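The chain contents come next:
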Amino acid sequence: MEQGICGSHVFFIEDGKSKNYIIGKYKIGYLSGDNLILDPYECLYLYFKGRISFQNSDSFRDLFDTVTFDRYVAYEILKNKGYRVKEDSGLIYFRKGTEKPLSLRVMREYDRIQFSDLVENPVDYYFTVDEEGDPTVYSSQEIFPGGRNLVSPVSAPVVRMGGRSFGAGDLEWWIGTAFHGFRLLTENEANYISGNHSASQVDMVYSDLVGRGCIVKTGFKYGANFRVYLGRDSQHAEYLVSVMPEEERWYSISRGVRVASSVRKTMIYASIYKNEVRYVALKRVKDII
Amino acid sequence: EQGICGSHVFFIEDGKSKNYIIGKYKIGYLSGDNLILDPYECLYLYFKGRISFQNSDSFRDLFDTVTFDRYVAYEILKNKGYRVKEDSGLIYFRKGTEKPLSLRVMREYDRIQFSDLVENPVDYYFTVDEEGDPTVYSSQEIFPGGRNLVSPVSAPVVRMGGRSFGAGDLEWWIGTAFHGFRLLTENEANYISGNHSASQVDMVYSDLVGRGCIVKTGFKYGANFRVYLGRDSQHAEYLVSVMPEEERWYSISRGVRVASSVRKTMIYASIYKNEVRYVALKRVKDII
């Protein structure tokens, strides 16, 4: 058989195929002194196709161990779709045709991530595959919420009794919920009306949502800070916002996306970046499969 | 007329009699040409606009000793028509001639333990969120019964590429097909590996499977497992999670919201008194 080398592993091409045949059909590898040269991904990819075999029996697992299952699958999937993939510095690049090479980053639940990674994102997508072999691709986009409600500045006193906060019965129609002439308020509502918009980061973002015409209600039931209504007659909040801790793990972000998705909502992650409240929407992609 | 509650004096409205109140709102009682009401009952009527306070700091003090959560629980049941007795946050009530019922007010940040869900003879759990929304729960110890033919299994496990894999001819539902191999979860690897005591969650996994259920990741739902009871269910009836330390109440609330959301029943598992036991937590809607 003809052969090649991956890193430092020798492989033979099966069924008497030519090296140019492999290059022609799978579009990977280049010739070099009678040896077909492939990177780990390409190597594992061809092996799984039953097209190559390794001289050394321990070469398969070594490649897989070094190349990871998570990254390998991201590669395999892309290839088995049509794109041409090329890895470099933790990222995977792929172009559907002779066009723009989209960027992709495999994320693991234990992986750490800051809001800044979502803003200065030279990465177009995020890939994930769960403990069941189920892959998922998310896209990152900044949103700029555009509420439609008629907003007014609200400045009022907050009464604290029974372990909860209250406002007057004639506050902006949507703030808090009516209670015997009073207005039961959430902590964020209490901080917002009493003009304490900087009590924290959630209070600043809370204030910003309202400042831009959004009806903001608690999202604590869903694991997020609040659920946002872009309209007064929008029976269901179209957004779920969660204020992002300077640092956290990827599963919290992946989970927020599923939670939001199970109730037809968009998972939004907000923060104070470079002295401003900015929002980033994470949504699963269905056109990359 | 006169009356005292929590040491605070109150007068009836619209010149009504101390006995008019009793007859209508069926609360409190006469003592000596004076009406006696407990805190909850006093506030209940106050908001009804049927009584007033001699003082002016009584209401607030009254609403402070009685909490908001507990009052709402009381007010709701009272409006439902039930008879209510609000002890220490522990509410007893009955609708007409039916048997009495327990009701514990649970705060979203309360510390809940599995041992509680089992031992507690309380009938229902009450919660009123930060938006005034009340929700009732009921826990029932359950014993999962699946119709799946179970077969012992102890095959070797290969560990590469960061994951665990098994032979491509293992029980059809275990793991996931992957180029002839079978991608497994950490729980499946321990199962076929014979390490059922790896952790508490591995023991319930094993118990679950031992009782004919086809177990899979609850991952998508923020839960340990997804459990199918039939030989070929399209959707797992149950959602099962093993309760940690460290376990606040909002976790359960979230879990029930999640389960309901997808047609499933939220179940919490644990090794109690050296045995894997399960408890289903549901939202109750035929009350309030």
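Calculation notes
The numbering shown runs from 1 along each chain in the order of its written sequence and may not match that of the entry; residues for which no coordinates exist are omitted. Naming scheme: in the order in which they are written, chains are lettered from A and ligands are numbered from 1. Each side-chain value is worked out from all heavy atoms of the structure, with water and hydrogens disregarded. UniProt positions are given in the numbering used here, feature names are shortened, and annotations may be inferred rather than shown by experiment. A pair of strands is considered paired only if DSSP assigns at least 2 bridges between the two. The helix count covers DSSP runs of H or I at least four residues long, the strand count covers runs of E at least two residues long, and both are numbered beginning at the N terminus. Interaxial angles span 0 to 180 degrees and are taken between N-to-C directions of axes, which are lines fitted to C-alpha atoms, for helices over the stretch in contact. Any two residues whose heavy atoms approach within 4.5 Å at even a single point are treated as in contact. Only protein chains enter the area calculation, which uses a 1.4 Å probe; residues under 20% of their type maximum are buried, those over 50% are exposed, and those in between are partly exposed. Accessible area, probed at 1.4 Å, shrinks when two parts are joined; the buried area is that loss added up over both. Salt-bridge detection follows one rule: a side-chain nitrogen of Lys or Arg within 4 Å of a carboxyl oxygen of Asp or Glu. Within 3.5 Å is the distance limit for a polar contact, defined as a pair of N or O atoms, with the added protein rule that one can donate a hydrogen and the other accept it, and that residues adjacent in sequence qualify only through two side-chain atoms. Two distance rules govern patches: like charges are joined within 9 Å, and nonpolar side chains (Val, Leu, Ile, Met, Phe, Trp, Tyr) within 5 Å, applied only to residues with over 30% relative accessible area and no salt bridge. All accessible-area figures derive from a Shrake-Rupley calculation using a 1.4 Å probe, and residue coverage is judged against the displayed protein chains alone. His residues and chain termini do not enter the charge count, which takes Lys and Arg as positive and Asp and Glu as negative. Here the site of a charge means NZ on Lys, CZ on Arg, CG on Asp, or CD on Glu. An angle below 35 degrees is treated as roughly parallel, one above 145 as roughly antiparallel, one from 65 to 115 as roughly perpendicular, and anything else as oblique. For a crossing to be left-handed, the near helix must be turned anticlockwise from the far one by less than a right angle; the clockwise case is right-handed. We call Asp, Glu, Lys and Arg charged. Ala, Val, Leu, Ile, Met, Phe, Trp, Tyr, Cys and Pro are nonpolar, and the rest, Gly among them, are polar.

What the entry reports as its method is X-ray crystallography, with 2.50 Å given for the resolution.

Per the PDB entry, the recorded name for chain B is tRNA-splicing endonuclease, and the organism is Thermoplasma acidophilum. Database annotation for chain B, UniProt heading Function: "Endonuclease that removes tRNA introns. Cleaves pre-tRNA at the 5'- and 3'-splice sites to release the intron. The products are an intron and two tRNA half-molecules bearing 2',3' cyclic phosphate and 5'-OH termini. Recognizes a pseudosymmetric substrate in which 2 bulged loops of 3 bases are separated by a stem of 4 bp (By similarity)." The UniProt entry for chain B carries this comment under Sequence similarities: "Belongs to the tRNA-intron endonuclease family. Archaeal long subfamily."

The PDB entry annotates chain A as tRNA-splicing endonuclease originating from Thermoplasma acidophilum. Comment text from UniProt for chain A, heading Function, reads "Endonuclease that removes tRNA introns. Cleaves pre-tRNA at the 5'- and 3'-splice sites to release the intron. The products are an intron and two tRNA half-molecules bearing 2',3' cyclic phosphate and 5'-OH termini. Recognizes a pseudosymmetric substrate in which 2 bulged loops of 3 bases are separated by a stem of 4 bp (By similarity)." Its UniProt record, at the heading Subunit, says of chain A: "Homodimer."

Caption draft 1: Summary view of the sheet that holds strand 13 (residues 176-178) of chain B. Reading across the sheet, the four strands line up as 11-12-14-13 (chain B) and stay open at both edges, with antiparallel pairing between neighbours. The outermost strands of the open sheet, each flanked by one partner alone, are strand 11 (158-160) and strand 13 of chain B. Within this sheet the neighbouring strands show an average axis-to-axis angle of 40 degrees, counted without direction. Summarising the sheet, strand 12 (residues 163-166) of chain B and strand 14 (residues 181-184) of chain B pair through three bridges and their orientation is antiparallel. Each residue of the ladder has a partner; that of B:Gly166, found in strand 14 of chain B, is B:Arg182. Relative to strand 11 of chain B, helix 3 (residues 59-66) of chain A is tilted by about 55 degrees, and along the sheet it contacts strand 11, strand 12, strand 13 and strand 14 of chain B.

Caption draft 2: A look at unusual backbone geometry. All names here are of chain B. Of note in this structure, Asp14 is not a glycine but carries a positive phi near 50 degrees. Note on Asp14: relative accessible area 63%, which makes it exposed. Look at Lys273: it is not a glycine, yet its phi comes out positive at around 45 degrees. Counting through the fold element by element, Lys273 comes out in the loop between strand 18 (265-272) and strand 19 (275-284).

Caption draft 3: Spatial organisation of the interface of chain B and chain A. Listed by partner, the interface residues are 42 residues for chain B and 42 residues for chain A. Together chain B and chain A conceal approximately 3800 Å² of surface at their shared face, both sides included; 58% is due to carbon and sulfur atoms. In this assembly, chain B and chain A are joined by 10 salt bridges. Between A:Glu132 and B:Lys216 there is a salt bridge; the shortest N-O distance is 3.7 Å. Applying the counting rule to chain B against chain A returns 22 residue pairs in polar contact. At the level of secondary structure, the elements contributing two or more residues to the side of chain B that touches chain A comprise helix 3 (58-65), helix 4 (68-80), strand 11, strand 12, strand 13, strand 14, strand 15 (214-217) and helix 8 (249-261) of chain B.

Caption draft 4: Geometry of a positive patch on the surface. Taken together, the side chains of A:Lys25, A:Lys27, A:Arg84, A:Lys86, A:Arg95 and A:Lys100 make up a positively charged region of the molecular surface. Mapped onto the elements, A:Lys25 comes out in helix 1 (residues 19-26).

Caption draft 5: Structural context of the packing of helix 2 (residues 39-46) of chain B against helix 3 of chain B. Residues and elements named next belong to chain B. Two elements in contact, helix 2 and helix 3, have axes whose closest approach is 10 Å; the angle formed by their N-to-C orientations is 130 degrees. One way to sum up the angle between helix 2 and helix 3 is to call them oblique. In terms of crossing hand, the pair formed by helix 2 and helix 3 is left-handed. Two secondary-structure elements touch here, helix 2 through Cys42, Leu43 and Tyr46 and helix 3 through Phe59, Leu62 and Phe63. Tallied by class, residues from the contact of helix 2 with helix 3 come to six nonpolar, no polar and no charged.

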